[PDB]
Structures are given as C-alpha cells and as structure tokens.
Amino acid sequence: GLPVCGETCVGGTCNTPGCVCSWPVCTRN
C-alpha cells in the first residue's frame, strides 16, 4: 500500500514479487 518501489508505471508495469503496478509508481503493501 506504500510506494516502496522505485519503479514506475506508465509505459510498462510491475510484476515485481510483492510490488504491484500502480500509477504513477509501483506500490508494495
């Protein structure tokens, strides 16, 4: 539920274990 990731979504997405895609930044927990 927190953007604990330095990964963003817009062109791509996140399939990161524990970190899901959210706009504009991927979120975890």
# chains A, B, ... in the order shown; residues from 1 in each chain; ligands from 1
call {"tool": "select_by_dssp", "arguments": {"residues": "chain A", "states": "strand (DSSP E or B)", "output": "tab-separated table (two decimals) with N, CA, C and O atoms, in the first residue's frame"}}
result
chain	number	residue	atom	x	y	z
A	2	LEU	N	2.14	1.08	0.08
A	2	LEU	CA	3.06	2.20	0.08
A	2	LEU	C	3.95	2.11	-1.13
A	2	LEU	O	4.37	1.01	-1.51
A	8	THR	N	8.16	2.63	-11.73
A	8	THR	CA	7.01	3.38	-12.10
A	8	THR	C	6.20	2.69	-13.19
A	8	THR	O	6.70	1.77	-13.87
A	20	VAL	N	3.29	-4.32	-6.75
A	20	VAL	CA	2.36	-4.30	-7.85
A	20	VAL	C	2.36	-2.97	-8.55
A	20	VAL	O	2.85	-1.97	-8.01
A	25	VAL	N	3.46	5.25	-9.65
A	25	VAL	CA	4.55	4.50	-9.07
A	25	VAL	C	4.06	3.15	-8.53
A	25	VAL	O	2.95	3.05	-8.00
A	27	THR	N	3.64	0.02	-6.10
A	27	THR	CA	3.39	0.05	-4.70
A	27	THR	C	3.58	-1.34	-4.06
A	27	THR	O	3.42	-2.38	-4.72
A	28	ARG	N	3.93	-1.34	-2.80
A	28	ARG	CA	4.13	-2.53	-2.04
A	28	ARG	C	3.51	-2.33	-0.68
A	28	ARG	O	3.83	-1.37	0.02
call {"tool": "residues_around", "arguments": {"residues": "residue 23 of chain A", "least_positions_apart": "3", "cutoff": "8 Å", "atoms": "only C-alpha atoms", "output": "PDB file with N, CA and C atoms, in the first residue's frame"}}
result
ATOM      1  N   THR A   8       8.164   2.629 -11.727  1.00  0.00           N
ATOM      2  CA  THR A   8       7.009   3.381 -12.100  1.00  0.00           C
ATOM      3  C   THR A   8       6.201   2.687 -13.192  1.00  0.00           C
ATOM      4  N   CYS A   9       4.959   3.093 -13.327  1.00  0.00           N
ATOM      5  CA  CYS A   9       4.095   2.602 -14.370  1.00  0.00           C
ATOM      6  C   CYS A   9       3.615   3.761 -15.209  1.00  0.00           C
ATOM      7  N   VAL A  10       3.516   3.513 -16.496  1.00  0.00           N
ATOM      8  CA  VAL A  10       3.002   4.430 -17.495  1.00  0.00           C
ATOM      9  C   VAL A  10       3.136   3.758 -18.873  1.00  0.00           C
ATOM     10  N   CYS A  26       4.883   2.115  -8.673  1.00  0.00           N
ATOM     11  CA  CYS A  26       4.555   0.785  -8.195  1.00  0.00           C
ATOM     12  C   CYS A  26       4.563   0.753  -6.661  1.00  0.00           C
TER      13      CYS A  26
END
call {"tool": "decode", "arguments": {"residues": "segment 8-19 of chain A", "atoms": "N, CA, C and O atoms", "output": "PDB file, in the first residue's frame"}}
result
ATOM      1  N   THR A   8       8.164   2.629 -11.727  1.00  0.00           N
ATOM      2  CA  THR A   8       7.009   3.381 -12.100  1.00  0.00           C
ATOM      3  C   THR A   8       6.201   2.687 -13.192  1.00  0.00           C
ATOM      4  O   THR A   8       6.699   1.770 -13.866  1.00  0.00           O
ATOM      5  N   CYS A   9       4.959   3.093 -13.327  1.00  0.00           N
ATOM      6  CA  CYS A   9       4.095   2.602 -14.370  1.00  0.00           C
ATOM      7  C   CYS A   9       3.615   3.761 -15.209  1.00  0.00           C
ATOM      8  O   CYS A   9       3.356   4.855 -14.680  1.00  0.00           O
ATOM      9  N   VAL A  10       3.516   3.513 -16.496  1.00  0.00           N
ATOM     10  CA  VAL A  10       3.002   4.430 -17.495  1.00  0.00           C
ATOM     11  C   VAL A  10       3.136   3.758 -18.873  1.00  0.00           C
ATOM     12  O   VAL A  10       2.145   3.544 -19.564  1.00  0.00           O
ATOM     13  N   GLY A  11       4.353   3.398 -19.241  1.00  0.00           N
ATOM     14  CA  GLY A  11       4.581   2.648 -20.456  1.00  0.00           C
ATOM     15  C   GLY A  11       4.622   1.165 -20.158  1.00  0.00           C
ATOM     16  O   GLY A  11       4.095   0.332 -20.918  1.00  0.00           O
ATOM     17  N   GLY A  12       5.231   0.846 -19.038  1.00  0.00           N
ATOM     18  CA  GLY A  12       5.365  -0.514 -18.602  1.00  0.00           C
ATOM     19  C   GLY A  12       4.522  -0.778 -17.383  1.00  0.00           C
ATOM     20  O   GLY A  12       3.535  -0.068 -17.139  1.00  0.00           O
ATOM     21  N   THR A  13       4.905  -1.753 -16.608  1.00  0.00           N
ATOM     22  CA  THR A  13       4.159  -2.156 -15.455  1.00  0.00           C
ATOM     23  C   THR A  13       5.111  -2.922 -14.500  1.00  0.00           C
ATOM     24  O   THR A  13       6.310  -3.076 -14.799  1.00  0.00           O
ATOM     25  N   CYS A  14       4.613  -3.350 -13.368  1.00  0.00           N
ATOM     26  CA  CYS A  14       5.415  -4.087 -12.411  1.00  0.00           C
ATOM     27  C   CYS A  14       4.795  -5.445 -12.119  1.00  0.00           C
ATOM     28  O   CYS A  14       3.586  -5.555 -11.863  1.00  0.00           O
ATOM     29  N   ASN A  15       5.616  -6.471 -12.178  1.00  0.00           N
ATOM     30  CA  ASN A  15       5.215  -7.843 -11.870  1.00  0.00           C
ATOM     31  C   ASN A  15       6.127  -8.323 -10.740  1.00  0.00           C
ATOM     32  O   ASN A  15       6.222  -9.513 -10.415  1.00  0.00           O
ATOM     33  N   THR A  16       6.797  -7.354 -10.170  1.00  0.00           N
ATOM     34  CA  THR A  16       7.724  -7.479  -9.083  1.00  0.00           C
ATOM     35  C   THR A  16       7.080  -8.233  -7.893  1.00  0.00           C
ATOM     36  O   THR A  16       5.959  -7.912  -7.484  1.00  0.00           O
ATOM     37  N   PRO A  17       7.748  -9.258  -7.361  1.00  0.00           N
ATOM     38  CA  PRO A  17       7.245 -10.025  -6.214  1.00  0.00           C
ATOM     39  C   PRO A  17       6.991  -9.134  -4.998  1.00  0.00           C
ATOM     40  O   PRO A  17       7.932  -8.640  -4.360  1.00  0.00           O
ATOM     41  N   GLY A  18       5.730  -8.870  -4.727  1.00  0.00           N
ATOM     42  CA  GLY A  18       5.372  -8.059  -3.601  1.00  0.00           C
ATOM     43  C   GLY A  18       5.062  -6.635  -3.986  1.00  0.00           C
ATOM     44  O   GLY A  18       4.416  -5.921  -3.239  1.00  0.00           O
ATOM     45  N   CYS A  19       5.478  -6.229  -5.152  1.00  0.00           N
ATOM     46  CA  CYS A  19       5.293  -4.863  -5.574  1.00  0.00           C
ATOM     47  C   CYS A  19       4.479  -4.826  -6.854  1.00  0.00           C
ATOM     48  O   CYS A  19       4.924  -5.272  -7.919  1.00  0.00           O
TER      49      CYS A  19
END
